[PDB]
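Read off the chains here:
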Amino acid sequence: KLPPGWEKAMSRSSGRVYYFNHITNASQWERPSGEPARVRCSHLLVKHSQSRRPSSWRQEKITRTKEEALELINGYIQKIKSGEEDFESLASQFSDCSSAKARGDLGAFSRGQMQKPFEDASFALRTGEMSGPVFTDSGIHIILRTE
Ligand SMILES: Cc1nc(C)c(CO)s1
């Protein structure tokens, strides 16, 4: 029927169908389009107080709750999708990962190297596609597949 991990949903506010991916947490109105040894991704990480290491170059002690980190992620996704802000610009300014300095770029990787929910979302994204909120022991990520 549909690509890996996609399913139909109903908007509660508009009543129009939409499509949701339970591996990447992406959602969109349009029916999704149409695996490689390696993919290349960038990400934007927002850490919270239960992150495996609750610190970053932005904050020595990260104190924000999981709830608060998800609200930040949600807000960044809105600005990226509206075009008010670029993914790369938001990642350089606000990502709690050292990769912020590289506009979020992580380089290329195979299966078995990254944390598993990050890995599964990365490989389920098509080239150019961006994830919804993806949760790992590091925190909450927005993932952009670039290759
Ligand atoms: C975890 C990472 N830190 C930096 C600066 C990278 C470069 O791509 S990846």
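Residues numbered from 1 in each chain as written, not as in the entry; some residues may be left out. Heavy atoms only, no water. Residues with missing side-chain atoms left out of burial classes, pairs and counts.

- Method of determination, as given in the entry header: X-ray crystallography; reported resolution: 1.81 Å.

- Looking at the PDB entry, one finds the protein named Peptidyl-prolyl cis-trans isomerase NIMA-interacting 1 and attributed to Homo sapiens.
- Anyone opening this PDB entry will find it titled "Crystal structure of the PIN1 and fragment 33 complex".
- A UniProt comment under Catalytic activity is attached to the protein, and it reads "[protein]-peptidylproline (omega=180) = [protein]-peptidylproline (omega=0)". (UniProt positions renumbered as here; feature names shortened; annotations may be inferred.)

### Describing the domain arrangement of the protein
Then, number 1: Domain assignment breaks the protein into domain 1 (1–32) and domain 2 (38–147).
Then, number 2: Opposite the 5 residues of domain 1 that make contact, domain 2 presents 10 residues.
Then, number 3: Regarding the contact of domain 1 and domain 2, the summed buried area is about 600 Å², with carbon and sulfur atoms giving 53% of it.
Then, number 4: The three residues of domain 1 that bury the most area against domain 2 are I23, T24 and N25, which together make up 66% of that side's buried surface.
Then, number 5: Counting every contact that joins domain 1 to domain 2 gives 3 residue pairs in polar contact.
Then, number 6: A class-by-class count of the residues in the side of domain 1 that touches domain 2 yields 2 nonpolar, 3 polar and no charged. (Domains from an automatic or database assignment. Contact = heavy atoms within 4.5 Å. Buried area = accessible area lost by both parts, 1.4 Å probe. Polar contact = N/O pair within 3.5 Å; in protein donor to acceptor, adjacent residues only side chain to side chain. Nonpolar A, V, L, I, M, F, W, Y, C, P; charged D, E, K, R; others polar.)

### Notes on the side chain of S138
Then, number 1: Assignment of secondary structure puts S138 in the loop between strand 6 (134–136) and strand 7 (139–145).
Then, number 2: A polar atom in the side chain of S138 sits 2.7 Å from the side chain of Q115.
Then, number 3: Residues within four places of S138 in sequence aside, it is in contact with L45, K47, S51 and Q115. (Helix = DSSP H or I, 4+ residues; strand = E, 2+ residues; numbered from the N terminus.)

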